[PDB]
Amino acid sequence: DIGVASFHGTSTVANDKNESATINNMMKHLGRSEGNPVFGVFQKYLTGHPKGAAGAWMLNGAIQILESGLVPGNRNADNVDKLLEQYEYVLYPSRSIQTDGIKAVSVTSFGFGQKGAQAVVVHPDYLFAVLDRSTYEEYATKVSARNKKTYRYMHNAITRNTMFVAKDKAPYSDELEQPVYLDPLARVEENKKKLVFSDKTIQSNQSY
Amino acid sequence: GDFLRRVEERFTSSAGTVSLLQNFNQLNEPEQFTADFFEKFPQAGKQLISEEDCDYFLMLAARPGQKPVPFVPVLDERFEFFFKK
Amino acid sequence: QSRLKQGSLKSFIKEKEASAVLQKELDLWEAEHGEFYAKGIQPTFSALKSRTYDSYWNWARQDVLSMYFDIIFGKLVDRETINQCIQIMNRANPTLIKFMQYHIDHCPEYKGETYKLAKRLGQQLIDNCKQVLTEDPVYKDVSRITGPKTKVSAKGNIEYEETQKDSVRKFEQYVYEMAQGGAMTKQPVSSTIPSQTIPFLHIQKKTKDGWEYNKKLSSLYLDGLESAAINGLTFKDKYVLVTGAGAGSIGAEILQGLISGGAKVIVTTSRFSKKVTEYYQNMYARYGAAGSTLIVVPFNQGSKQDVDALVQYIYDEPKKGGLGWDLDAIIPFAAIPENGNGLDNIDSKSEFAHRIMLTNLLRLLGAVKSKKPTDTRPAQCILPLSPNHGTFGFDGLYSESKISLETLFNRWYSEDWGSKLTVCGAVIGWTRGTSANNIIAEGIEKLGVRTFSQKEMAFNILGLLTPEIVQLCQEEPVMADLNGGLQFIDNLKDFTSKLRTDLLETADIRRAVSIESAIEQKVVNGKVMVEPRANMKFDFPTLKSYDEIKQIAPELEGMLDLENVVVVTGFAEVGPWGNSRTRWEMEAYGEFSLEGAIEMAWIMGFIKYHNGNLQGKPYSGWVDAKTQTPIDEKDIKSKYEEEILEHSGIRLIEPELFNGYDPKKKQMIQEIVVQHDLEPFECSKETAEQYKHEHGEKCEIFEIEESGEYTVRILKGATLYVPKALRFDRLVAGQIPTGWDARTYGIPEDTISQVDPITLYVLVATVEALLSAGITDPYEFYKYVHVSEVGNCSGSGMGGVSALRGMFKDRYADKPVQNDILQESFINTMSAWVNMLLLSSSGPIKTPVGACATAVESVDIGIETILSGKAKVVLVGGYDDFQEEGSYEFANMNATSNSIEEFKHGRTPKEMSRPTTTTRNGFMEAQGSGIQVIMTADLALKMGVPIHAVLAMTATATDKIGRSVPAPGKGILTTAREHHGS
Amino acid sequence: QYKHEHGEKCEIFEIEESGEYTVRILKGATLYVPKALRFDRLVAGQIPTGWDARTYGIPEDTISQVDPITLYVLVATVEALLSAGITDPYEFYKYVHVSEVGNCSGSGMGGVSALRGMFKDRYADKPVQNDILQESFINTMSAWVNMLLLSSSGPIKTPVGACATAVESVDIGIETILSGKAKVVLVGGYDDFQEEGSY
Amino acid sequence: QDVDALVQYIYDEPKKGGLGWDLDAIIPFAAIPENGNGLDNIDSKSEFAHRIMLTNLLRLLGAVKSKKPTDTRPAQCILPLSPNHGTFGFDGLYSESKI
Amino acid sequence: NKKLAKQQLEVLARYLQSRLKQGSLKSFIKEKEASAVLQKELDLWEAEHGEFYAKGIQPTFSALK
Amino acid sequence: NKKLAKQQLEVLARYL
């Protein structure tokens, strides 16, 4: 069910060889069916290589791959290395292909200093089946409302150039900062159209 | 009708198509026409007004040489102008 | 002194007269030949610019999956499907067989009749590929035989369309009608040819004088065509050199057929570019069969240097930089179109085109012959002969070149290159481009003669590359009249002009009558389209029905601790293609939609939203930035697409985005000891005292009694630093789109000035990720969570590079630098500022460092933080910035790709990053930030945020003992751990 | 290079006798004269004078290639393992898989000597190793610790916290152990004193 | 340039330095002998000779045509065709020019 | 010693006359690289066509001849 | 102008 492998894919001779090798070896040791390669996403072909944000961009791409079902192809894959035919459990598409659903994506990053890292991301549909119907309907209604709020805020701020709204003040005053902290059940409430902490909602028997 | 044209433009998928409201006279029975319009665009019934369309609505309400609308759309600085005119 | 004041002026005037001599020599050559012939002979070919395609093993699976999902979604049983099946069969190998077997034996049929169709077609194709196992790859053209047809609408509009012939559907029936011939041209297809009738495609035998139609050779050729049509045609072990095979030409279809049959083809392109490279790439990906190899080379057939260099490259061994190939066929179809050039208009263009078509062609053949010492492997030269030598109008030297190519038939005998080259002169007939002649194609066809498609002509020539015609050419030069009976038309030019003028005199009169009838109606009698605009949404994950989700997943209800299940609730980017949305559009589609284009223009500051009065008229919408004029949403794309793509993604490093950093002018300073002391300069008291402190006795300071300021004399033996510059090898980076500003997202200028651009990217990405999670207000976390459970586990690998450069270099230079630059240099100060500006959480705050693999490590630390109970919500991710010194050090260790070597190889910035590619030579450095808001599943459900996915696993690992820091290793194999000796 | 930088504000000429070039820095050219200032901070908590990595046995190849913060890390890691009684660092693997020996230590600004190299010595065109950036990273200390001593493939975390990074390293190590990712982990922190950081 | 200059000189009137003649016949028999030049020996000499025999011949004809505004006095171009187009041996581009 | 005295006096007089010692040498090297540019253009053409085709295209015709 | 000429001459004689 691991359909896509978001490769580090740095267009480096050692990196794309070693990474394909480890992905193939792990897929083979995990008893993956023969003739079932993981599709290779190589997002760095388009986005370049940010050292810090490499895995982050690849995870965001894997998120979007899970949502949409599309596996982007490495459009700079002029000619796949012949040495990578070695790896039967890896496929290297060069054109984006729309799939009927991707269950999971394996994001793999390799950093300088002998620092490999792997993340496995699974589709939300397998989370939504571990909860009863009524919880699902409540969740879906809440997300519908929130998507409406988000649509508004995004359009408000994209035109008015107020995407980032710096917080001038913390939700707690300097006077209430320490009760607010000192109560683990402290939670902000709406006051003056802002979510702030109040003396009444701190160390309250109602919260407990 | 201008608001309906704006909704058409908002929810057409980057494709210039035939306007449902080709002329204003067919809006004389607006319930059925609005129904057909928002069946063409079902997502407009679930999407809140994008604020570009909100500002367009506000300047439509404030369009001069037009009968002022029978409602207050906003409570900004020009609230007296909407309330008393 | 014994010096000459004017010696170097003498040398200058001497060199000026020498330059004049060279200039008048060049001007004489130029007036002799002309500017077209002049700038047409430049060297285009370069051995390092050659592009190899041989990964048919990969492309087979790629095309298999493409077709599989197309049928699964009903986008595709049909001839194009059968053609793709032929290609997949041509690439069939045991691994591919196992691949299709898995994907079909595990195709669920219950999902729909469409899935049942995908399955059964897959079983049929698996059987076909199993049968094809171990046998050769065959070029089998299965496209429907299309014919010309022109319709003049009653409004006078001429419309030409290629429409399937009623009596001919397959290439088998095409060959049958070729054998049958026509009224004008008067078990195998040998027995089909009518007596005293010349088939349209035939081979002419040379009598004791000229060339005449021959029955036996024509029957052999048509039988070869029939065999190719029914069984296909293998070109394995055929090394071809094809020129003039660009898109929309006969040569391109020839290349498609050769590479389908398994040939190893060197394709020439006179216009080498990324577009042409991608065209040949996907042509190999479609048609490149088992054993095929496509070598795309830049090449000018107008230059003998290019001809010799290409032939040398083909025949040189791989150790010497060549291909080590011995050509089996040559197809020099490269030509220059010359129209309106009569005898009096024979010009530089005509002479140059003649050179390409004849002289450099003969030179190419001669170079191949000179390179071959073997006499047992001739190269088959497919000469593009024409049936019309001057009969048509103003074509320059085209007819001269075409008729001159006919001398090779006699030169095959008269000279000693017979054993090295064989002559196959294909008299190519009327071929339909796929335009001025296409409208009269139907008229010329109606009289019995016929007109070919590019695919049909390519099929004819590829059949001329049959083994039977190959040996026929070896023993005897072949003249293949592929003219479709046009030779039997008296006064072809006059008939053609009559047809075209009749068609034009019909269409134009119909149009004029329609126009004037419309005007008459308007005199007697005295729909509005919708204007699209951006429908930008965020598209939270589509929440499906509970019944259908429980159908997806088994009875898993009430099993997982959702508090211990972590989920991505939000995410965002700041990268070379804007944010996550625009980057994803460019990734999955390669082009921006309307929403993508408007978003890119907005982030890049091409457009800004205007509300209120604009030139008096009330306007509410996007306006230009530099001109403030209205821009309709369609004109957003139409006006900003080219600039968005030019200034987004991987591109040349722009010094305006990196404080004037020009890699071509990389500034350095060199220590020099002053040999002759400098003249005084004036500075302040403290500056002079600092100079005396540094230089000791190697400088002097003196107070000016008039002004009170000090003057500094840098004595002999002092050291100073003279700036110097070097051309830096790396010129290209994955930079954030030009015009990207933090003000566009709304970060105050106070924050922009005090805080560094990496942190600005982090702030924008964190805001976008929270509002991707639907968190309009970041304090809304605290309505469900304690302030001590909102963490920030993101971190950079080297973040704060701009501040590091400040403190380490600008401070050394005494430039204005903020007192707290070190504060901004820390890798954790980005997360600090994120908390101070947005969250105000007291939750766990981790800042990983991982160089390239820090964002996944941030995710891992976030999972650990949430699962330990220290947090419920955490911001994970990673960020870095591109700067001069980081780029220079990545170049020192040969980690980044050398852009100069890439340009030597002909690569552009848009194709510089080549993951998992044969010729990849280092990574492409980029900049930006990427943030994800990850949460517990229970909390995500409680707050109703969009659960984008589930972080089922995250882990980090190290490799082993070594002495190579940047070397990757198999350490992260520690995520697949099991004993096999449940 | 001088002509490239200074444009028309300098002249270069080949000496026909020797073949080398002579550079004349014309009027209006910019040059950088060294100057010195008395810095307010004269006192630091420095490692004792005569402290050498050779005294602990780190080869001169490592001392030359790798930066002094990392030498301190290596000495401290060896001393900590043998404080734990781990004479041989591979003795972890007699009880634990190579995937469960982590290193969650990290610096706040580690690699400052390499940062100074790349940012200033490189600008001055002084001899600097081609791989100084790899030594400038904050995780390269743990990388070298693993490459020289442990050979583990366990979880590898490199916290940054400026002053409060060693306690954060301990916190990440507790999390790593309690999540099952590791059984043993090296937690701590390190920094070096240098001119620019002090300033 | 020689072709154009000679044609200009022929068709220019005596006052302007030419001959003031309208050509009734053209006999371009100028050729360069090229022997031992096969397909592999096609060289600068072969291309130059081909230019003389074909390309500048066509340019001479075209220049005469451009100079003639009259349509009632054609020039008879006696083209030196050959019966042997490549049948004989190593002649460079001679057969190509003739055909 | 004296030669250096004399050089420095010479450059000084140039300074105050507002004269440039190396200006015409600058012009010479500029013209030399221009000549190299023209020579490489001519060399490319020549290697593209050959010496025979090169020296065969000279102007022979002259109306006065 | 001339004074600067002369200052340069002057320092020159000093130098050598």
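All heavy atoms count here, side chains included; hydrogens, waters and symmetry mates do not. So that the names make sense, note that chain A is the first sequence line, chain B the second, and so on, each numbered from 1.
Note: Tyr94(E) and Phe88(E) fail the aromatic proximity criterion, with ring centroids not under 6.0 Å apart.
Checked by atom type and distance alone, the side chain of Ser348(C) pairs as donor or acceptor with a backbone atom of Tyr37(C) at under 3.5 Å. At distances below 3.5 Å, not a single donor-acceptor pair connects side-chain atoms of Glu31(F) with backbone N or O atoms of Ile13(C). Proximity of a side-chain donor or acceptor of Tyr315(C) to a complementary backbone N or O of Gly322(C) within less than 3.5 Å is not detected.
Side chains of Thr407(C) and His85(E): a donor-acceptor N/O pair is absent below 3.5 angstrom, by distance only. A donor-acceptor contact closer than 3.5 angstrom is absent between the side chains of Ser414(C) and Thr87(E). Side chains of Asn388(C) and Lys493(C): a donor-acceptor N/O pair is absent below 3.5 angstrom, by distance only.
Around atom NZ of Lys15(E), no more than 12 heavy atoms belonging to other residues, nucleotides or ligands sit under 6.0 Å away.
Side-chain contact between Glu406(C) and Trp211(C): absent, with no pair of heavy atoms (C-beta onward) separated by less than 4.5 Å. The side-chain heavy atoms of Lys369(C) and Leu39(E), taken from C-beta on, include no pair separated by under 4.5 Å. Under the 4.5 Å side-chain criterion, counting only non-hydrogen atoms from C-beta, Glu96(E) is in contact with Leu362(C). Side-chain contact between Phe299(C) and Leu241(C) is absent, with no heavy-atom pair separated by less than 4.5 Å.
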Intermediate values then yes/no, side chain to side chain donor-acceptor pair (under 3.5 Å), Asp347(C) and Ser350(C) = CA-CA 5 Å; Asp347(C) 56 348; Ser350(C) 305; 2.5 Å; yes

Check step by step if side-chain contact (heavy atoms from CB on, under 4.5 Å) holds for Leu57(E) and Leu79(E).
-> CA-CA 9 Å; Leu57(E) 206 146; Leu79(E) 287 311; 3.4 Å; yes

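Sorted by first and then second residue, the pairs that involve residues 10-31 of chain C and meet ring pair (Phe, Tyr, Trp, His ring centres under 6.0 Å), not counting sequence neighbours, are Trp29(C)-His33(C), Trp29(C)-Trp45(F), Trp29(C)-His49(F).
For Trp325(C), the ring pair (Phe, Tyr, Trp, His ring centres under 6.0 Å) partners are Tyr239(C), not counting sequence neighbours.
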